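What's in query_17.cif: mmCIF, C-alpha atoms
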data_upload
loop_
_atom_site.label_atom_id
_atom_site.label_comp_id
_atom_site.auth_asym_id
_atom_site.auth_seq_id
_atom_site.Cartn_x
_atom_site.Cartn_y
_atom_site.Cartn_z
CA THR R 1 0.00 0.00 0.00
CA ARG R 2 3.07 2.20 0.37
CA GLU R 3 3.40 2.40 -3.41
CA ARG R 4 -0.17 3.67 -3.79
CA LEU R 5 0.27 6.10 -0.91
CA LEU R 6 3.52 7.50 -2.31
CA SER R 7 2.14 7.75 -5.85
CA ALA R 8 -0.86 9.66 -4.50
CA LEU R 9 1.62 11.83 -2.52
CA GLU R 10 3.88 12.83 -5.43
CA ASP R 11 0.93 13.20 -7.82
CA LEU R 12 -0.87 15.49 -5.35
CA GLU R 13 2.39 17.40 -4.79
CA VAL R 14 3.46 18.40 -8.25
CA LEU R 15 -0.03 18.64 -9.76
CA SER R 16 -1.12 20.99 -6.95
CA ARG R 17 2.07 22.90 -7.71
CA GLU R 18 0.93 23.10 -11.35
CA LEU R 19 -2.46 24.49 -10.29
CA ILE R 20 -0.73 27.09 -8.09
CA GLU R 21 1.69 27.94 -10.90
CA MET R 22 -1.00 28.49 -13.52
CA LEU R 23 -2.80 30.70 -11.03
CA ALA R 24 0.47 32.61 -10.57
CA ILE R 25 1.18 32.98 -14.29
CA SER R 26 -2.38 34.12 -14.98
CA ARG R 27 -1.90 36.81 -12.34
CA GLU R 28 -8.56 25.24 -14.98
CA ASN R 29 -11.55 23.75 -13.20
CA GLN R 30 -11.16 20.17 -14.47
CA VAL R 31 -7.71 19.47 -13.00
CA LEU R 32 -9.00 21.31 -9.92
CA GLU R 33 -11.82 18.76 -9.54
CA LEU R 34 -9.35 15.94 -10.08
CA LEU R 35 -7.12 17.45 -7.36
CA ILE R 36 -10.19 17.35 -5.10
CA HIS R 37 -10.64 13.68 -5.96
CA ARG R 38 -6.96 12.90 -5.28
CA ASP R 39 -7.08 14.69 -1.92
CA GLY R 40 -10.15 12.75 -0.79
CA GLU R 41 -8.74 9.42 -1.94
CA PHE R 42 -5.43 10.19 -0.22
CA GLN R 43 -7.21 10.91 3.05
CA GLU R 44 -9.15 7.64 2.69
CA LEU R 45 -5.88 5.79 2.16
CA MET R 46 -4.40 7.46 5.25
CA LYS R 47 -7.38 6.19 7.26
CA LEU R 48 -6.79 2.70 5.86
CA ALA R 49 -3.14 3.10 6.82
CA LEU R 50 -4.00 3.82 10.45
CA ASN R 51 -6.33 0.80 10.46
CA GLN R 52 -3.57 -1.43 9.07
CA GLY R 53 -1.25 -0.09 11.77
CA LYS R 54 -3.77 -1.35 14.33
CA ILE R 55 -3.81 -4.68 12.47
CA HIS R 56 0.00 -4.88 12.64
CA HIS R 57 0.02 -4.21 16.39
CA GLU R 58 -2.50 -7.04 16.81
CA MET R 59 -0.24 -9.23 14.65
CA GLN R 60 2.79 -8.45 16.83
CA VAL R 61 0.96 -9.48 20.01
CA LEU R 62 -0.32 -12.57 18.22
CA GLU R 63 3.11 -13.72 17.02
CA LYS R 64 4.50 -13.24 20.53
CA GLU R 65 1.83 -15.73 21.65
CA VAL R 66 2.94 -17.96 18.74
CA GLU R 67 6.55 -18.02 19.96
CA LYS R 68 5.47 -18.74 23.53
CA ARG R 69 3.40 -21.74 22.47
CA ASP R 70 6.28 -22.94 20.29
CA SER R 71 8.60 -22.83 23.31
CA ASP R 72 6.06 -24.82 25.33
CA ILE R 73 5.85 -27.42 22.53
CA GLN R 74 9.62 -27.80 22.33
CA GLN R 75 10.00 -28.08 26.09
CA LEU R 76 7.55 -30.93 25.95
CA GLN R 77 9.47 -32.49 23.05
CA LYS R 78 12.99 -32.58 24.49
CA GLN R 79 11.95 -34.04 27.84
CA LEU R 80 9.71 -36.61 26.17
CA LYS R 81 12.67 -37.52 23.96
CA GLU R 82 15.05 -38.11 26.85
CA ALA R 83 12.43 -40.23 28.62
CA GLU R 84 11.93 -42.17 25.37
CA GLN R 85 15.66 -42.79 25.02
CA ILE R 86 16.16 -44.02 28.59
CA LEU R 87 13.19 -46.38 28.36
CA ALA R 88 14.42 -47.56 24.95
CA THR R 89 17.81 -48.66 26.28
CA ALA R 90 16.08 -50.27 29.26
CA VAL R 91 13.68 -52.35 27.16
CA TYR R 92 16.52 -53.20 24.79
CA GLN R 93 18.71 -54.78 27.46
CA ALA R 94 15.65 -56.49 28.90
CA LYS R 95 14.78 -57.97 25.51
CA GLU R 96 18.36 -59.19 25.20
CA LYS R 97 17.98 -61.18 28.41
CA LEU R 98 14.54 -62.33 27.28
CA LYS R 99 15.99 -63.58 23.99
CA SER R 100 18.57 -65.58 25.90
CA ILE R 101 15.88 -66.99 28.21
CA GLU R 102 13.78 -67.96 25.19
CA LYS R 103 16.74 -69.74 23.63
CA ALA R 104 17.20 -71.60 26.91
CA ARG R 105 13.51 -72.51 26.84
CA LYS R 106 13.96 -74.31 23.51
CA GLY R 107 16.54 -76.74 24.84
CA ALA R 108 16.01 -78.54 28.12
CA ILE R 109 17.96 -81.70 28.87
CA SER R 110 18.00 -84.03 31.85
CA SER R 111 20.92 -83.35 34.17
CA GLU R 112 22.45 -86.80 33.94
CA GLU R 113 22.65 -86.50 30.17
CA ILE R 114 24.63 -83.30 30.63
CA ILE R 115 26.97 -84.98 33.11
CA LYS R 116 27.43 -88.06 30.90
CA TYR R 117 28.14 -85.97 27.84
CA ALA R 118 30.57 -83.83 29.80
CA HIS R 119 32.38 -87.00 30.77
CA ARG R 120 32.61 -88.14 27.17
CA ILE R 121 33.78 -84.72 26.04
CA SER R 122 36.47 -84.37 28.71
CA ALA R 123 37.58 -87.84 29.76
CA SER R 124 40.34 -87.66 27.21
CA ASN R 125 41.29 -84.07 26.61
CA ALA R 126 39.08 -83.28 23.64
CA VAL R 127 37.61 -79.86 24.42
CA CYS R 128 40.04 -78.64 27.11
CA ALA R 129 43.80 -79.04 26.93
CA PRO R 130 45.92 -81.28 29.17
CA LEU R 131 47.44 -79.33 31.99
CA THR R 132 51.08 -80.00 31.10
CA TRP R 133 51.21 -79.41 27.36
CA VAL R 134 54.18 -78.28 25.31
CA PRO R 135 54.09 -77.84 21.51
CA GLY R 136 55.09 -81.04 19.79
CA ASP R 137 52.96 -83.18 22.08
CA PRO R 138 50.98 -85.56 19.84
CA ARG R 139 47.49 -84.96 21.21
CA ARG R 140 45.25 -82.43 19.47
CA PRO R 141 41.66 -81.18 19.82
CA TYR R 142 40.85 -82.50 16.32
CA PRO R 143 40.58 -86.31 15.53
CA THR R 144 44.40 -86.75 14.92
CA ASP R 145 46.19 -88.66 12.13
CA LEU R 146 46.31 -91.97 14.00
CA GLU R 147 42.62 -92.03 14.90
CA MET R 148 41.84 -91.24 11.28
CA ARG R 149 44.16 -93.91 9.88
CA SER R 150 42.92 -96.48 12.39
CA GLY R 151 39.20 -95.76 12.25
CA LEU R 152 36.53 -97.50 10.26
CA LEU R 153 36.72 -94.66 7.74
CA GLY R 154 40.37 -95.22 6.89
CA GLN R 155 40.48 -98.98 7.23
CA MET R 156 37.20 -100.53 6.10
CA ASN R 157 36.99 -98.72 2.76
CA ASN R 158 40.68 -99.35 2.08
CA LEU H 1 10.37 -47.83 34.53
CA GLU H 2 9.52 -45.90 37.70
CA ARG H 3 11.90 -43.11 36.80
CA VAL H 4 10.48 -42.84 33.29
CA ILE H 5 6.96 -42.69 34.71
CA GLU H 6 7.72 -39.90 37.14
CA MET H 7 9.72 -38.12 34.46
CA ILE H 8 6.68 -38.14 32.18
CA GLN H 9 4.55 -37.06 35.13
CA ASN H 10 6.58 -33.99 35.99
CA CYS H 11 6.72 -32.95 32.36
CA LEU H 12 2.97 -33.32 32.26
CA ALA H 13 3.00 -31.38 35.52
CA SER H 14 4.86 -28.66 33.64
CA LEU H 15 2.49 -28.38 30.72
CA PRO H 16 -0.80 -26.95 32.18
CA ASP H 17 1.51 -24.57 34.06
CA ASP H 18 2.41 -23.34 30.59
CA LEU H 19 -1.30 -23.43 29.73
#
Show this structure as structure tokens.
Amino acid sequence: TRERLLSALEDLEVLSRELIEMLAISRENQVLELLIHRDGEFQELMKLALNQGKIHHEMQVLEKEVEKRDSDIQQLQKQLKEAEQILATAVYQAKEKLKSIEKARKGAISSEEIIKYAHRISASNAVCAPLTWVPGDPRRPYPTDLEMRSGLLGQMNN
Amino acid sequence: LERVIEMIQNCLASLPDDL
């Protein structure tokens, strides 16, 4: 609206100057009547300008309320986020232990079978080394060359 | 769990005080 105001200003200015100047050089009713029209329309635009100034003051109060509600929203957000993160790590470690419990639920063996199998796995040192071992000792945690060459696999097919 | 609950609670306790 500033453009229309300023155009009405400069138009009023130099055309009123022209009316004054033709009066002065005489000693033009049409451009007079148009000057009357420009003056009235300029005063109407000044009234609209004061009204829009009231509108802008209302807008300033309103955007201050906007920023205050934005700050309230964000102060909800950050605290809800930190609560979310703490509970997320908590339920994650709990679901780790629950996964391990559910794997243990799948396999359930009688105790004597566990003891018997532990005896077969560690009567001869198969899964855990002999206590006095130096490199070059023949025994190994794999089958070994002699057990392979003396088994049914090596002998009975050959 | 308890801490998270009371955390949520006090933040909710903050929000009508903004309203």
Within 8 Å of chain H, which residues belong to chain R? Use all atoms listed in the file and report them as a short mmCIF file (atom, residue, chain, number, x, y, z; two decimals) with C-alpha atoms, in the coordinates of the input.
data_model
loop_
_atom_site.label_atom_id
_atom_site.label_comp_id
_atom_site.auth_asym_id
_atom_site.auth_seq_id
_atom_site.Cartn_x
_atom_site.Cartn_y
_atom_site.Cartn_z
CA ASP R 72 6.06 -24.82 25.33
CA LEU R 76 7.55 -30.93 25.95
CA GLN R 79 11.95 -34.04 27.84
CA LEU R 80 9.71 -36.61 26.17
CA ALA R 83 12.43 -40.23 28.62
CA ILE R 86 16.16 -44.02 28.59
CA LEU R 87 13.19 -46.38 28.36
#
For CA of residue 43 (chain R) and CA of residue 23 (chain R), the interatomic separation in Å (one decimal) =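 These two atoms are separated by 24.7 Å.
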Practice prompt. Pick out the closest residue to residue 138 (chain R) from this set: R:35, R:2, R:125, R:49. Count only C-alpha atoms.
Written response: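 Ranking R:35, R:2, R:125, R:49 by distance to residue 138 (chain R), first place goes to R:125.
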| request: Could you state which residues are captured by the PyMOL selection byres ((chain R and resi 19) around 12) in this file, as a ChimeraX atom specification? | output: /R:12-18,20-26,28-36
Q: Can you work out the spacing between CA of residue 149 (chain R) and CA of residue 134 (chain R) in Å, to one decimal?
A: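 Calculated distance between CA of residue 149 (chain R) and CA of residue 134 (chain R) is 24.1 Å.
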As a check of understanding: the span from CA of residue 73 (chain R) to CA of residue 89 (chain R) is 24.7 Å
